[PDB]
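Two separate entries follow, structure 1 and structure 2, each one form of the same protein chain as structure tokens.
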Structure 1
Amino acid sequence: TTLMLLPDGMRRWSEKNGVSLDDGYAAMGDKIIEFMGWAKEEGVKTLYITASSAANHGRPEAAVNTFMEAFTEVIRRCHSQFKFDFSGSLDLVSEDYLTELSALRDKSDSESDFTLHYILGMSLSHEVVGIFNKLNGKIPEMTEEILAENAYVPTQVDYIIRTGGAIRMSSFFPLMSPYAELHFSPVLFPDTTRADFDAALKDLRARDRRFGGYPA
């Protein structure tokens, strides 16, 4: 049901195709619209996309505006097709983009059966530092339920696809989904095809999932 995409490889794809980072991120933008179609058509109801980690916001200003603009451009183009929301380390993101993203959330089809949600500035340590400071001395006790209701990723994630040929989480691990299944693809994200997508879903659906228990 619930899929999280970690779209990676834009810088390398740009260099390999002799185009600008901006063109790489536009290719990403277009590929994200394709991908979502595939997802909807495969029974995904909620698609999280990790727009950025915390450390990604430490890249040069131009590289940062480039990913922000391209991710935002997807929402300007497709917002009436889905329910849109965003979350994360929003202190790391510029005011302009939060405004625009806020509006697009406003402008999106609150009634859709498909959700597309961005995490921005993703990072367990940032997430936990922020939650602690928001609730320190204001609640008697943290619980699982309070933590879930404050986590960046507000629901459980079943499947994670990460492109870009790197077998690591890169700060994108979902706090409350310990048993999320991971599919790593060596493909640079803008090269991703439907065959790639179907081979990922075929691997992910064949997994025997045990959630820390023994099959009885």
Structure 2
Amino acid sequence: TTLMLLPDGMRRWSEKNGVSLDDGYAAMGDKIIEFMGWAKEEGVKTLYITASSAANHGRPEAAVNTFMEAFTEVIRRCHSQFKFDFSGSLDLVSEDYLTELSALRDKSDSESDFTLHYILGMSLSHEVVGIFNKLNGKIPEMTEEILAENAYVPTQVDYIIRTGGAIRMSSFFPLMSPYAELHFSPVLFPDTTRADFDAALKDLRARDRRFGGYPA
């Protein structure tokens, strides 16, 4: 199973509890590690996590480093437990975070049958723009196969969990996975319990799935 987690709710959890944004993101880091264990136990093989939108990288440098440091900490803690990978709008990410993440990809277990994959600077319009400008005037035509090899999410997504209560995709729709089953939880990400996750998976596993076929 391939699962994509949209872990929304950090700021509002911090505000709710009267604690700093650094605390919220620390709680998010701990919850990601717990969630990863739950996913593993339920047979998820690939866990995509939307670390950021393209819009998030236009925030103040200080606030960018808050989330970046929190997402990187998770990988510093657990890179030996999985194959780590990342992609997205890498042009938006500071060199020092790109160097660290590359090192952590290299230090992670390429023989793990579990993949943890961060999407950074996610956004369809930014994604398409980027792919266009990389290949524009360079190749003779685009095909769905060439699109898929340049897409931020390199494989098909079976399920999406969005926490935090918004019922919208925001910047995080996977370009090449039209038939991903969507589960929206009202729980703020750092409050997610194992029962919230189990309810999500019970819903998702019972859906009448649809797979796509050959392009048009």
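By convention here, residues take numbers in order along the sequence of structure 1, the first being 1. Between two forms, the rigid core is the largest collection of C-alphas that superpose within 1.5 Å.
The only C-alpha among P178, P60, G43, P186 that moves by 2 Å or more between structure 1 and structure 2, given a superposition on the rigid core, is that of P60.
Shown is the Cα shift of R168 between structure 1 and structure 2 after rigid core superposition, which amounts to 0.4 Å. Once the core is aligned between structure 1 and structure 2, the alpha carbon position of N17 differs by 1.2 Å; this is the C-alpha shift at that site.
On core superposition, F211 has its C-alpha offset by 4.5 angstrom between structure 1 and structure 2.
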